[PDB]
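As structure tokens, the structure follows; a few thoughts come after it.
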Amino acid sequence: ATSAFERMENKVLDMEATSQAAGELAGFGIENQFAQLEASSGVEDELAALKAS
Amino acid sequence: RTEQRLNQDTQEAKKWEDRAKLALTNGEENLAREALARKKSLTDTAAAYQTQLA
Numbered sequence: 164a165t166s167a168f169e170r171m172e173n174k175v176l177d178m179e180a181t182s183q184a185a186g187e188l189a190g191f192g193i194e195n196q197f198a199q200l201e202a203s204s205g206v207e208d209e210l211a212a213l214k215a216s
Numbered sequence: 056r057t058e059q060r061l062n063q064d065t066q067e068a069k070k071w072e073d074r075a076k077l078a079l080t081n082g083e084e085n086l087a088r089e090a091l092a093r094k095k096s097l098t099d100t101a102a103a104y105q106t107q108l109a
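Note that the protein sequences, when read in sequence, are chains 0 and 0'. A prime marks a further copy of an entry chain.
Heads up, the first sequence is in the deposited numbering, so the first residue is 164 and it goes up one at a time.
Heads up, the second sequence is in the deposited numbering, so the first residue is 56 and it goes up one at a time.
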């Protein structure tokens, strides 16, 4: 149980570091909208190729 | 940390429903009633973690 608490707190620190990295992009509109436009236009291009096929 | 604690309790509460179903197919009422009391108490700790997370 004691060594499992040390493993648990280490993985909780990874989840807090992951949340802090996600917050560095939260409300950062330029990178957030760039990633959204890249994903949206990639799906629309794949569907345009599927409609052409 | 409080969100992963909420996820751990809410999956454990579903594992106590699985234990309650297994007790009912075994026919052991005292184990089914203990599994209900585990769900009631663990859903209260889940609601405490959800309130802290809110």
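Ideal placement from N, C-alpha and C gives every residue a C-beta, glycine not left out.
| Item | Value |
| --- | --- |
| Under 9 Å between C-beta atoms of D64 (chain 0') and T98 (chain 0') | yes |
| Distance, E84 (chain 0') Cα to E179 (chain 0) Cα | 42 Å |
| Reduced DSSP category for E172 (chain 0) - H, G, I as helix; E, B as strand; rest coil | helix |
| Sequence-distant residues of the same chain with beta carbon closer than 6 Å to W71 (chain 0'), five excluded per side | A90, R93 and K94 |
| Cα-Cα separation between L210 (chain 0) and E169 (chain 0), rounded to whole angstroms | 48 Å |
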